[PDB]
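In structure tokens, one chain follows: the form deposited in one PDB entry.
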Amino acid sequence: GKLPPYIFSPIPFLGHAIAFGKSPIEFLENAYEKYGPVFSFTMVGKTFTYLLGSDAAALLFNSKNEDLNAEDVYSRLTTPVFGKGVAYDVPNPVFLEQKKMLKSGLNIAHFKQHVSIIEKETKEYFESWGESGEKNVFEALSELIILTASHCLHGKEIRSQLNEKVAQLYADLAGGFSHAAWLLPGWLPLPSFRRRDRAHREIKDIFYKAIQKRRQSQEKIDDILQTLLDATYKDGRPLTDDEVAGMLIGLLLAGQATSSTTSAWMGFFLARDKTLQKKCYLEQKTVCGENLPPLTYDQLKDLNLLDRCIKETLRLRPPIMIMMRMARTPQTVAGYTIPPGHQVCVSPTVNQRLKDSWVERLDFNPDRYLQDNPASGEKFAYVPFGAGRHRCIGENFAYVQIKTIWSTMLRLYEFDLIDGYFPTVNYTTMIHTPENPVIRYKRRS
């Protein structure tokens, strides 16, 4: 079996680590041109095989965890932040049971409740913005999305305990998602690691007293906490108070920097394209009514332009750039055999700008989906939340949360660039962030 084409590097251990780190997207696009869909190279003594394009990505998106393993690549980062016994610290079947439990609060019946929760939070938060100014929308959306996801997913006994202190602790635990946490051992006396371990212990404790409060409650609430508190594995094994907390902390942290970056990038795409922005505001009136009543789940699904703007934002600025698995069984793709031991990776970001499939690939064209597009015309060209089995379980909530916030924000304000500056992409963080994300705003009406 032919091994995928390898990119030679004169750098022994680091390999292509630095050239990749500077512009990973340009690195992979150039490799696609010179080497094709499947190629391999080493970074930090690890050998990576990338699957570019829809046909190649199919291998990972259709794979089973026995063949292409997730825990191998993601636990050393994850376990320190979310805690033991949860997510990638447990066998995949046990994780699948945890995932299904979480689904009990990730459905339409609950999303109808979430819409008015998120709208009200968006309004109350942006009270502090006044009538106009120049503020960092990324910092703002981070703070709002913490309060909104804690309210809808964690409950009101945790949301009432949410202050600036606890918001810092969540950012301290988010510091555990570093390249240093991935490569260097976790016990090392490094600053980010101590803040994670310290916050973890403190956040768990806030969650422990909220769990007890509910356990001794007269009435029951239909929400995710209630399920996790009253649920058992098939074995009949109950969840620990530690497991419940970790699953909740992990649920919120998975959709924070993912939703906060996307939400912010869309503002800039809409601030740059002023006519496209007003048309979205016009849709608020046409779909919901001239009185602009409180948003409903049903209304959100009729905001088609806004959906395409969210879709186009996710195409050009997806938060998760690489999806990674470890080869335990030899896999076959494009006539090559990937050897057990290679880390097989797919980049949604690259597949969603591949000149071979995307017309005007670098243009924010939300009407690209009203005509022939790779998102409908290929299986794995548009894969921002993943695909096949390896899909995001929070995708539907991400859409409700982002549509509700931005519907609410569009009603509240009109947005513009400051001297026509569009934020460059900060490639140095795992979730690519916008540089200098200060936006100009004024009151719409």
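When you see a residue number, it is the position in the sequence shown, counting from 1. In this text, the rigid core denotes the largest set of C-alpha atoms whose superposition between the two forms falls within 1.5 Å. Only residues modelled in both forms are compared.
From this point on, the text means the form deposited in another entry, which you will not see here.
**Candidates 310, 166, 354, 316 - which moves between the shown form and the other one, C-alpha at least 2 Å, core fixed** = Looking at each option in turn, only one qualifies, and it is 166.
**Asked** Does residue 211 show a Cα shift reaching 2 Å between the shown form and the other one after rigid-core superposition?
**Response** Yes; residue 211 is a residue whose C-alpha shifts (by 2 Å or more) between the shown form and the other one when the cores are overlaid.
**Message:** On a rigid core superposition, would residue 390 pass a 2 Å threshold for CA movement between the shown form and the other one?
**Reply:** Moves: yes, 2 Å or greater.
**Request:** Take the rigid core as the frame of reference and indicate whether the C-alpha of residue 338 shifts by 2 Å or more between the shown form and the other one.
**Result:** Where the cores coincide, residue 338 shows only a C-alpha shift between the shown form and the other one that is less than 2 Å.
**Item:** in the other form, whether the C-alpha atoms of residue 214 and residue 151 sit closer or farther than here (change of 3 Å or more)
**Value:** Residue 214 and residue 151 sit farther apart in the other form.
**Prompt:** Taking the shown form as reference, are the C-alpha positions of residue 110 and residue 216 brought closer or pushed farther apart in the other form, with a change of 3 Å or more?
**Reply:** Farther: residue 110 and residue 216 separate by 3 Å or more in the other form.
**Prompt:** What parts move between the shown form and the other one when you lay the two on the core: runs of 3+ residues, each CA off by 2 Å or more?
**Reply:** Runs with every C-alpha shifted by at least 2 Å: 163 to 224, 388 to 390.
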